[PDB]
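Trainee: What follows is query00.cif, mmCIF, C-alpha atoms.
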```cif
data_run
#
loop_
_atom_site.group_PDB
_atom_site.id
_atom_site.type_symbol
_atom_site.label_atom_id
_atom_site.label_comp_id
_atom_site.auth_asym_id
_atom_site.auth_seq_id
_atom_site.Cartn_x
_atom_site.Cartn_y
_atom_site.Cartn_z
ATOM 1 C CA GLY N 2 29.621 41.706 18.028
ATOM 2 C CA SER N 3 26.471 41.498 15.918
ATOM 3 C CA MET N 4 26.201 43.613 12.767
ATOM 4 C CA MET N 5 22.701 45.103 12.736
ATOM 5 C CA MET N 6 21.398 46.280 9.361
ATOM 6 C CA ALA N 7 18.060 45.614 7.661
ATOM 7 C CA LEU N 8 15.773 47.687 5.438
ATOM 8 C CA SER N 9 12.058 47.018 4.973
ATOM 9 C CA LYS N 10 10.036 49.409 2.810
ATOM 10 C CA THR N 11 8.027 46.927 0.736
ATOM 11 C CA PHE N 12 5.460 44.550 2.244
ATOM 12 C CA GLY N 13 3.557 41.724 0.583
ATOM 13 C CA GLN N 14 3.381 40.562 -3.018
ATOM 14 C CA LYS N 15 4.563 42.938 -5.748
ATOM 15 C CA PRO N 16 1.908 45.350 -7.127
ATOM 16 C CA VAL N 17 0.109 44.598 -10.379
ATOM 17 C CA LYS N 18 2.215 45.711 -13.341
ATOM 18 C CA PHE N 19 1.210 45.732 -17.011
ATOM 19 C CA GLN N 20 2.344 46.823 -20.465
ATOM 20 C CA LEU N 21 0.695 49.858 -22.049
ATOM 21 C CA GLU N 22 3.070 50.383 -24.979
ATOM 22 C CA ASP N 23 4.581 47.949 -27.489
ATOM 23 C CA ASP N 24 7.960 49.540 -26.698
ATOM 24 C CA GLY N 25 8.077 47.640 -23.405
ATOM 25 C CA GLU N 26 6.620 50.399 -21.238
ATOM 26 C CA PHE N 27 5.393 48.797 -18.022
ATOM 27 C CA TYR N 28 3.159 50.512 -15.478
ATOM 28 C CA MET N 29 1.715 49.609 -12.089
ATOM 29 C CA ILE N 30 -1.620 50.360 -10.425
ATOM 30 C CA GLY N 31 -1.163 53.002 -7.738
ATOM 31 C CA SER N 32 -3.837 51.256 -5.699
ATOM 32 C CA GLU N 33 -1.584 48.216 -5.402
ATOM 33 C CA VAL N 34 1.457 50.378 -4.753
ATOM 34 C CA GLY N 35 -0.428 52.211 -2.032
ATOM 35 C CA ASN N 36 -1.507 49.075 -0.193
ATOM 36 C CA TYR N 37 1.961 47.640 -0.817
ATOM 37 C CA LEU N 38 3.544 50.477 1.151
ATOM 38 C CA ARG N 39 0.433 50.844 3.333
ATOM 39 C CA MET N 40 -0.042 54.447 2.217
ATOM 40 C CA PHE N 41 -3.608 55.765 2.126
ATOM 41 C CA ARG N 42 -5.424 59.073 1.657
ATOM 42 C CA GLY N 43 -3.219 59.823 -1.332
ATOM 43 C CA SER N 44 -0.204 59.555 0.964
ATOM 44 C CA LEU N 45 1.701 57.924 -1.894
ATOM 45 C CA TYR N 46 1.091 60.798 -4.310
ATOM 46 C CA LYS N 47 1.393 63.447 -1.595
ATOM 47 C CA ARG N 48 4.595 61.823 -0.336
ATOM 48 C CA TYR N 49 5.978 61.260 -3.838
ATOM 49 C CA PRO N 50 5.389 64.501 -5.820
ATOM 50 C CA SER N 51 7.963 63.495 -8.450
ATOM 51 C CA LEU N 52 6.249 60.130 -8.971
ATOM 52 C CA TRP N 53 4.673 59.605 -12.393
ATOM 53 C CA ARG N 54 0.944 59.015 -11.917
ATOM 54 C CA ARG N 55 -1.993 59.179 -14.330
ATOM 55 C CA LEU N 56 -5.513 57.874 -14.947
ATOM 56 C CA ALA N 57 -6.299 55.079 -17.405
ATOM 57 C CA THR N 58 -8.978 55.310 -20.093
ATOM 58 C CA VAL N 59 -11.883 52.863 -20.274
ATOM 59 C CA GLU N 60 -9.922 50.974 -22.918
ATOM 60 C CA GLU N 61 -6.757 51.125 -20.824
ATOM 61 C CA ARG N 62 -8.580 49.755 -17.778
ATOM 62 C CA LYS N 63 -10.012 46.926 -19.867
ATOM 63 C CA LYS N 64 -6.496 46.005 -20.961
ATOM 64 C CA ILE N 65 -5.282 46.554 -17.399
ATOM 65 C CA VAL N 66 -7.663 43.976 -15.931
ATOM 66 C CA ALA N 67 -7.082 41.410 -18.684
ATOM 67 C CA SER N 68 -3.360 42.106 -19.095
ATOM 68 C CA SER N 69 -2.438 42.916 -15.489
ATOM 69 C CA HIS N 70 -5.096 40.837 -13.740
ATOM 70 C CA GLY N 71 -6.798 37.576 -14.624
ATOM 71 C CA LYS N 72 -8.773 35.574 -12.073
ATOM 72 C CA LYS N 73 -7.684 37.225 -8.821
ATOM 73 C CA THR N 74 -8.408 35.782 -5.377
ATOM 74 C CA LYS N 75 -11.722 35.566 -3.521
ATOM 75 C CA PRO N 76 -14.904 34.041 -5.041
ATOM 76 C CA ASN N 77 -14.529 34.505 -8.797
ATOM 77 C CA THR N 78 -16.287 33.107 -11.870
ATOM 78 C CA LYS N 79 -15.038 32.077 -15.311
ATOM 79 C CA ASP N 80 -17.971 33.522 -17.255
ATOM 80 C CA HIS N 81 -17.382 36.940 -15.696
ATOM 81 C CA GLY N 82 -14.256 38.892 -14.808
ATOM 82 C CA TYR N 83 -14.027 42.216 -12.985
ATOM 83 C CA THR N 84 -16.125 45.376 -13.287
ATOM 84 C CA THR N 85 -15.328 47.174 -10.029
ATOM 85 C CA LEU N 86 -11.761 48.426 -10.383
ATOM 86 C CA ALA N 87 -12.568 49.440 -13.974
ATOM 87 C CA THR N 88 -14.114 52.689 -12.712
ATOM 88 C CA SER N 89 -10.802 54.406 -11.979
ATOM 89 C CA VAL N 90 -7.338 52.937 -12.535
ATOM 90 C CA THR N 91 -4.235 54.923 -11.592
ATOM 91 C CA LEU N 92 -1.129 53.987 -13.574
ATOM 92 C CA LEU N 93 2.458 54.532 -12.448
ATOM 93 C CA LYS N 94 5.907 54.238 -14.046
ATOM 94 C CA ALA N 95 7.335 50.758 -13.450
ATOM 95 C CA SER N 96 10.784 52.326 -13.190
ATOM 96 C CA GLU N 97 9.539 54.693 -10.487
ATOM 97 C CA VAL N 98 8.015 51.943 -8.365
ATOM 98 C CA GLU N 99 11.012 49.694 -8.972
ATOM 99 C CA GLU N 100 13.352 52.390 -7.675
ATOM 100 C CA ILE N 101 11.270 52.981 -4.553
ATOM 101 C CA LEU N 102 11.066 49.222 -4.119
ATOM 102 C CA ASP N 103 14.844 49.055 -4.512
ATOM 103 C CA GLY N 104 15.083 51.855 -1.963
ATOM 104 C CA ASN N 105 15.900 54.575 -4.473
ATOM 105 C CA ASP N 106 13.280 57.324 -4.489
ATOM 106 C CA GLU N 107 14.758 60.405 -2.810
ATOM 107 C CA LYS N 108 14.050 62.407 -5.963
ATOM 108 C CA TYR N 109 10.483 61.083 -5.996
ATOM 109 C CA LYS N 110 9.687 62.048 -2.401
ATOM 110 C CA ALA N 111 11.083 65.582 -2.691
ATOM 111 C CA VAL N 112 10.323 66.215 -6.374
ATOM 112 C CA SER N 113 14.046 66.496 -7.085
ATOM 113 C CA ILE N 114 15.827 67.906 -4.020
ATOM 114 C CA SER N 115 18.693 68.919 -6.311
#
```
As structure tokens, how would this structure be written, given the file I've shared?
Mentor:
Amino acid sequence: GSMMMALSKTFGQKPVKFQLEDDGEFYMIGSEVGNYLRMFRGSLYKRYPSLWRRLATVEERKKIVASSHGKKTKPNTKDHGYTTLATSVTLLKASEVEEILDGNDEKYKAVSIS
């Protein structure tokens, strides 16, 4: 008489989220989301066609690193920050990731499946 029921879609710390608009718009780096769900080879985008994804401008990336990131793990210095992930940063809708994280994303995986 043991009730079995457990869902596990997210793994690890939550992906890096940041604010891009003064209106409270928060986005997350798809790279983090991908590793978070362990999806590679664009599996996240290919698996979630209805998921909002876009590239960040040089200015956006700069704000992304400073706003989203700070010191990060591994050997880091105070005089310098990060100039590796500033080559290409994929932003995603915080609400989209949150839903998938909450387990709601059927419309994201199948575009709409109305």
Trainee: Kindly give the distance, in Å, that separates CA of residue 67 (chain N) and CA of residue 22 (chain N), rounded to a single decimal.
Mentor: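 Computing the Euclidean distance for CA of residue 67 (chain N) and CA of residue 22 (chain N) yields 14.9 Å.
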Trainee: On this file, the PyMOL selection byres ((chain N and resi 10) around 10) gives some set of residues; write that set as a PyMOL selection string.
Mentor: chain N and resi 8-9+11-12+37-39+101-104
Trainee: Of the candidates N:40, N:112, N:98, N:86, which shows the shortest atom-to-atom distance to residue 16 (chain N), using all atoms listed in the file?
Mentor: N:98
Trainee: Using the chain letters and residue numbers of this document, give as a ChimeraX atom specification the residues selected by the PyMOL selection byres ((chain N and resi 32-36) around 12).
Mentor: /N:10-18,28-31,37-49,52,54-56,69-70,86,89-95,97-99,101-102
Trainee: Counting all atoms listed in the file, what is within 8 Å of residue 66 (chain N), bar same-chain residues fewer than 5 positions away, as a list in words?
Mentor: residues 71, 83 and 87 of chain N
Trainee: Set up a box along x, y and z of the file covering all listed atoms of region 56-66 of chain N, add 3 Å on every one of the six sides, and write the centre and edge lengths in Å to one decimal, as JSON.
Mentor:
```
{"center_x": -8.6, "center_y": 50.9, "center_z": -18.9, "size_x": 12.6, "size_y": 19.9, "size_z": 14.0}
```
Trainee: Pick from N:100, N:65, N:75, N:50: nearest to residue 19 (chain N), with only C-alpha atoms counted?
Mentor: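 Looking at the shortest contact to residue 19 (chain N), the residue is N:65.
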Trainee: Go ahead and compute the interatomic distance for CA of residue 81 (chain N) and CA of residue 68 (chain N), in Å to one decimal.
Mentor: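 Between CA of residue 81 (chain N) and CA of residue 68 (chain N) the gap is 15.3 Å.
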Trainee: By how many Å are CA of residue 109 (chain N) and CA of residue 53 (chain N) apart?
Mentor: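 Atom-to-atom, CA of residue 109 (chain N) and CA of residue 53 (chain N) are spaced 8.8 Å apart.
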Trainee: Calculated over all atoms listed in the file, which of the candidates N:2, N:88, N:115, N:106 has the smallest distance to residue 51 (chain N)?
Mentor: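 Under the stated criterion, the closest residue is N:106.
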